[PDB]
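Data block below; observations after.
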Amino acid sequence: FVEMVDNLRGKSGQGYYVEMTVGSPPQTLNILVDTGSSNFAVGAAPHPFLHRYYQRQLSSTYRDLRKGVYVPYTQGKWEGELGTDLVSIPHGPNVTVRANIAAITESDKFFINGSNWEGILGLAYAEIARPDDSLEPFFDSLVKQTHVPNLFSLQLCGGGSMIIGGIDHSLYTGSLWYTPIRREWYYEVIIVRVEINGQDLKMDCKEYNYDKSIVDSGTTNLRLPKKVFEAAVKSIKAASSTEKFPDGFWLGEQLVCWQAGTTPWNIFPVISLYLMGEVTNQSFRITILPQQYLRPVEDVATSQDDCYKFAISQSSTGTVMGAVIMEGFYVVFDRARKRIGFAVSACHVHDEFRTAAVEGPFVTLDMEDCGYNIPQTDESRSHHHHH
Ligand SMILES: CCCc1cscc1C[C@H](NC1=NC(C)(C)Cc2cc(Cl)ccc21)C(=O)O
Ligand SMILES: [Zn+2]
Ligand SMILES: [Zn+2]
Ligand SMILES: [Zn+2]
């Protein structure tokens, strides 16, 4: 897949984007790759932080679906008008498809200064598409209309590659290990064990996946459920206790610095997440270096210093394995086989003495179902799904 290597740009803090062309003649736009959502949505009116956007009036192949859509986040919102147009990925597969496109007409705190993407590509499943699961996501349209294989892989480099329809063995080293997709909505997986510098957190493993665990290229941080977040911070604090940081650091709200080149990497522990194997009673681990969760941020005054933000944060909506965790790894989203693969990426994050790793198997004489069952609402229970 030589044509698809290096088809991503961006960083964990602002997102990774791929070029896509919409309409005819083709309008080229840079589009955020988001495995945490399922809508293809592009800015479609002027915005102070955009200079280009999708002009529906310039596309001869645009069709209005005459239905609006409103997508609120905790942190902002986008809204728009649904339609369809021709869509290609110029540094992707040699195919063109008719896809749904939400033309974003208004938004709040969605587009950010200097991100360089004008739209989001929701790669997750129809169950979570807005307004409902009848709006076919982009990837489903791609596979249905072209028989490209039903899989894509992400190598995020903190630069990167989204390989559509296959696995490129140049982008990884060592074994690819697969964890099952628990349910096809988010890319949901199950964590069976957590260690921080070799020490087991020793929590009921359902706590790890409360109320889900997901792989999300649209989220910067590793996000952890409250109880797990507190046990991890306690453990990382213990390891690094030669350094007393302000509370705002552990909250992600403040940088901590050392003199250029002197950052004591060794006092920050590795985190291993053991993911359910394809074989019952097997798991494998992904091992995250401190350089993945302590992220450099160059502030104006501190030119003499390397300064860092803590990129693990508390969640009330489950574990999120966001971009800073994926950056170590070649991640295969094998929708055909309902599984996600992890291998050590060819773009390595390095540490003096330790390596981000993917290792297995680890066998357990049980476990234990570590999956959590989200309490079924009457709203969910009642919608009919006639497919
Ligand atoms: C790696 C992408 C990071 C990135 C680009 S813009 C903001 C971020 C940080 C991200 N939040 C968001 N992600 C996307 C996928 C764009 C969805 C969304 C919508 C709104 Cl209305 C506000 C923030 C975010 C996070 O919470 O971590
Ligand atoms: Zn190009
Ligand atoms: Zn019905
Ligand atoms: Zn349905």
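Numbering of ligands and ligand atoms starts at 1, following listing order. The residues of the chain are indexed from 1 along the displayed sequence. Just so you know, these numbers use all the heavy atoms, side chains as well, and skip hydrogens, waters and symmetry mates.
- The single protein non-hydrogen atom nearest to atom 16 (C) of ligand 1 is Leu32 CD2, 3.6 Å, given as residue, atom name and distance.
- Look at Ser12 and you'll find a heavy atom under 4.0 Å from some atom of ligand 1.
- In terms of N/O distances under 3.5 Å, ligand 1 is not approached by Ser217.
- Restricting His387 to its N, O or S atoms, the one at the least distance from the Zn ion (ligand 4) is NE2.
- Close contacts of ligand 1 with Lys77, meaning ligand atoms under 4.0 Å from a residue heavy atom, involve 21 (Cl).
- Atom 5 (C) of ligand 1 has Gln14 O, 3.2 Å as its closest protein atom, hydrogens excluded (heavy atom only).
- Checking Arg223, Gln75, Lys109 against atom 26 (O) of ligand 1, the nearest heavy atom belongs to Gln75.
- For atom 6 (S) of ligand 1, the closest non-hydrogen atom of the protein is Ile112 CD1, 3.3 Å.
- Less than 6.0 angstrom separates the ring centroid of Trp177 from the ring centroid of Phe284.
- When hydrogens are left out, the protein atom nearest atom 27 (O) of ligand 1 is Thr220 N, 2.8 Å; that is the closest non-hydrogen contact.
- In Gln57, the CD atom is crowded: over 12 heavy atoms of neighbouring residues, nucleotides or ligands sit closer than 6.0 Å.
- In summary, no N, O or S atom of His384 is located under 2.8 Å from the Zn ion (ligand 4).
- When distances to the Zn ion (ligand 4) are checked against a cut-off of 2.8 Å, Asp132 contributes no N, O or S atom below that limit.
- Near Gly76, the atoms of ligand 1 lying under 4.0 angstrom from a non-hydrogen atom of the residue are 21 (Cl).
- Side-chain contact between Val324 and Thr220 is present, with at least one heavy-atom pair separated by less than 4.5 Å.
- With the Zn ion (ligand 2) at the apex, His91 NE2 and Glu19 OE1 define an angle of roughly 90° (rounded to 10 degrees).
- Of all atoms in ligand 1, numbered sequentially from 1 with element shown, those under 4.0 Å from a heavy atom of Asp34 are 15 (C).
- The Zn ion (ligand 4) sits nearest to atom ND1 when only the N, O or S atoms of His385 are considered.
- Nearest protein neighbour of atom 10 (C) of ligand 1, counting heavy atoms only, is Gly218 O, 3.5 Å.
- The protein non-hydrogen atom at the shortest distance from atom 17 (C) of ligand 1 is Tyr73 CE2, 3.4 Å.
- Around atom CZ of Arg381, more than 12 heavy atoms belonging to other residues, nucleotides or ligands sit under 6.0 Å away.
- Environment of OH in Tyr54: crowded, with over 12 heavy atoms of neighbouring residues, nucleotides or ligands closer than 6.0 Å.
- Cation-pi check for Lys11 over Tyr16 is not met; the charged atom does not lie both under 6.0 angstrom from the ring centroid and within 45 degrees of its normal.
- Classification of the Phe110-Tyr73 ring pair by plane angle, with boundaries at 30° and 60°, yields tilted.
- Ring geometry for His47 versus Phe49: interplanar angle of 30 to 60°, hence tilted.
- Atom CZ of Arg98 has more than 12 heavy atoms from other residues, nucleotides or ligands within 6.0 Å.
- Taking the six-membered ring wherever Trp is involved, the centroid distance between the rings of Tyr308 and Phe249 does not fall below 6.0 Å.
- Remark: the backbone N or O of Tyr330 is not paired with any side-chain donor or acceptor of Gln155 at under 3.5 angstrom.
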